[PDB]
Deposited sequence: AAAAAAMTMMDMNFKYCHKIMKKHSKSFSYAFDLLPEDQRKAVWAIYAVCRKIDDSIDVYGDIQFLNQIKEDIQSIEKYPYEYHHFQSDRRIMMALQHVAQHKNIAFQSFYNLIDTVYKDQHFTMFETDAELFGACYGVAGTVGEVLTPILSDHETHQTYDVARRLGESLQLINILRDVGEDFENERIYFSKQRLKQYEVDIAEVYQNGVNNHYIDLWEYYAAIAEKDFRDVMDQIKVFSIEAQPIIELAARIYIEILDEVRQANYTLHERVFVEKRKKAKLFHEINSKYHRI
């Protein structure tokens, strides 16, 4: 067990801590892609958790890795994570611009004021999650085309939308609402009121409006599953399927705004069995 192995095992532990659905799937990858995913995840985890000066420190670590992949650096932020990311960058082509976009998005979030329209909202989904799909693309496909990026991007954006749809209650408590002003007006919905009084029909309708968008994007990703390498196809499908099942869970908890619903480990294995057998 080397120095490097210790970095990756740390990244892995971050991933298992913060993301039960994605680790479950992505730990099924062959060892070398598995480790690249752990490392990208943990960098994005840390960027997302930044908050100020830690975030600039990370941005600086990333920029050194870009300009000088084969040199030793004295990383300012988290050395275990940065070392692993740099090890990954030596063997794979990484879209640095895509981590800067994510970093910009976390900086802008400081000044978050609700989205006027669905197009600002989809613009944020790109920034938090569409970028992650882009950074992962060369790890999960052997030939990167524009098509491969487009599919990875859309997968990530629709996972963010599913995340939003799950976290409606806890997001309100943290003073955030991600549904667009325009769509809240149209459906006559006020999130404060729902939170206090329970679900109603206007809410379900607005909710299901977005759920249908996420579902349509999901189905469009699945019909293009082929852009990914053969070993990653069933994993990616698992990861997406698990995340989509979050949608059925929300409806069975009656769209509650007072708990985080989840897909249990036993359900995860059942979906894996299903995908597995189709392959």
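According to the record, the deposited residues with no C-alpha atom in the structure span 1 to 6, 58 to 62, 291 to 293.
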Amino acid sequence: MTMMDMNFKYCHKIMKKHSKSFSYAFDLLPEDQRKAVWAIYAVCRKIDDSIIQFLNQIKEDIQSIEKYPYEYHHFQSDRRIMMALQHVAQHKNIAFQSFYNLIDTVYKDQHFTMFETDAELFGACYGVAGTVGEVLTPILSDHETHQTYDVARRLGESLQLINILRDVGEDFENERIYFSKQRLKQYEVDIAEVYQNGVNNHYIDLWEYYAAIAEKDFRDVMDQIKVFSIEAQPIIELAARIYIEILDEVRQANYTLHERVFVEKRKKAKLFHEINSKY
From here on, numbers count along this sequence of modelled residues.
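The deposited model assigns a higher average Cα B-factor to 246 to 254 than to the other stretch when 33 to 41 and 246 to 254 are compared. The stretch 64 to 72 shows the higher mean C-alpha B-factor when 64 to 72 is compared against 233 to 241 in the entry. The PDB entry assigns the greatest CA B-factor among 128, 189, 162, 152 to 189. Between the residues 110, 158, 137, 97, it is 110 that shows the highest Cα B-factor in the PDB record. Ranked within its chain, residue 142 lands in the highest third, by CA B factor from the PDB record. For residue 118, the recorded CA B-factor ranks within the middle third of the chain. Only modelled residues enter the ranking.
In the deposited entry, the Cα temperature factor of residue 218 places it in the middle third of its chain's modelled residues.
Remark: residue 200 belongs to the highest third of its chain, ranked by C-alpha B-factor as recorded. Residue-level temperature factors show residue 176 in the middle third of its chain, judged at the C-alpha atom.
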